[PDB]
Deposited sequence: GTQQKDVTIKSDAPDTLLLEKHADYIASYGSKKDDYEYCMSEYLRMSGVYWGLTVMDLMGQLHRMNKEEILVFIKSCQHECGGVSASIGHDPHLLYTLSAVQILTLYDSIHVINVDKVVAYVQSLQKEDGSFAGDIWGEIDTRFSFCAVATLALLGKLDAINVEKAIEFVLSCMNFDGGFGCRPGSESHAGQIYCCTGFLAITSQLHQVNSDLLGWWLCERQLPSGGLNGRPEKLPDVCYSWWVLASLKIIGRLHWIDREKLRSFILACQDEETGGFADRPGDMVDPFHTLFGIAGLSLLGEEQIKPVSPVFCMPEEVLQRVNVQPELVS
């Protein structure tokens, strides 16, 4: 019953040139920017990815980011969000995703990235996020997403990895962080992505999970991350990408979702917000654009629902998981 009402002067056209400018300029002090240093690597992945999807990557600084990435690889092989920060699977994925957009994977020590990821797997097949032992199926995704882009999936115990993720499958067809955790969109995305990469989508109850996911669509057309929550562009990306992976994208109203996402654009400043009239950010701009791409927008490059990167990058490196259709 909770939902947003879209105001009737909301944006209803794709402001691509504005989003390009917003991202082209982002990180030129600034409050949220300096406060978001602990996630810089992923911010950089969000900006570069969305630019590349709009055909605008060349406007970003390749050389500069390549140097930055290299100085974020630690001696254990893991990559940190920023220089001086600690290595983590999240930023290891983001870095490997950036180097893949740039075809510069050997800017880092790939053998040591692999060894780092491999080191984080536990006896039950789960992955910790870093040396401090937090277990989350997000990290199961980060590990195999990373190893797949590197061609090193065989470096981990895949069957145990699979067993752990399926053990996080719930009554509703969804997935949680850890065994017994409740389903939600972000977690479902990670686990369905994981199962795409490991060739296990046959073990998903697509009809049951598909239904839970399409029930995320609210009358406004936006998708929420779980029952009794507000719709959101990020939740919308996760849910729709999950639906595509399991072959049920047609189970939501695509035109109503398109309108929700377009309405989250800022006509003045460019970029997308989490919901209409909120303040934009680069995170929701990637997901807005990626979502619209998945919904069939011909101006945006096709995006992988698994890696949230342009399909053409993935085709080039030859990593393209079979989906459910």
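Counting from residue 1 of the deposited sequence, the stretches lacking C-alpha coordinates in this chain are 1-3, 32-33.
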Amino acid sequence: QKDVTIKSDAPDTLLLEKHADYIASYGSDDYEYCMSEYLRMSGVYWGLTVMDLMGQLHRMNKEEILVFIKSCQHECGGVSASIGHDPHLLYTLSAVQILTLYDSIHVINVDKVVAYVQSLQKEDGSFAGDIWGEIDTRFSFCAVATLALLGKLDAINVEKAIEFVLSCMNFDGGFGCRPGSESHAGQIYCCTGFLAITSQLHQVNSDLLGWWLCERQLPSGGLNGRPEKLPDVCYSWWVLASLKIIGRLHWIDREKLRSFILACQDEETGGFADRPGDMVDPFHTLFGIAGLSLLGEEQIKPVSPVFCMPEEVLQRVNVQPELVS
From here on, numbers count along this sequence of modelled residues.
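Definition used throughout: the rigid core is the maximal C-alpha set that superposes within 1.5 Å between two forms.
After a core fit, the C-alpha atoms in 8 other deposited structures of this protein lie farther on average from the shown form in one of 315-323 and 3-11, namely 3-11. Fitting each structure in 8 other deposited structures of this protein onto the rigid core and averaging C-alpha distances over structures and residues, 229-237 emerges as the more displaced of 242-250 and 229-237.
Missing-residue comparison: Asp266 falls in the unmodelled set for none of the other PDB entries checked, so it is not missing from a third of them.
Coverage remark for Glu32: present in the model in all other entries compared whose chains are built on both sides, leaving no third without it. Mean CA B-factor, 69-77 versus 164-172: the higher value falls on 69-77. 103-111 and 154-162 differ in mean CA B-factor, and the higher of the two is recorded for 103-111.
Among the modelled residues of its chain, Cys308 has a C-alpha B-factor that falls in the middle third according to the deposited record.
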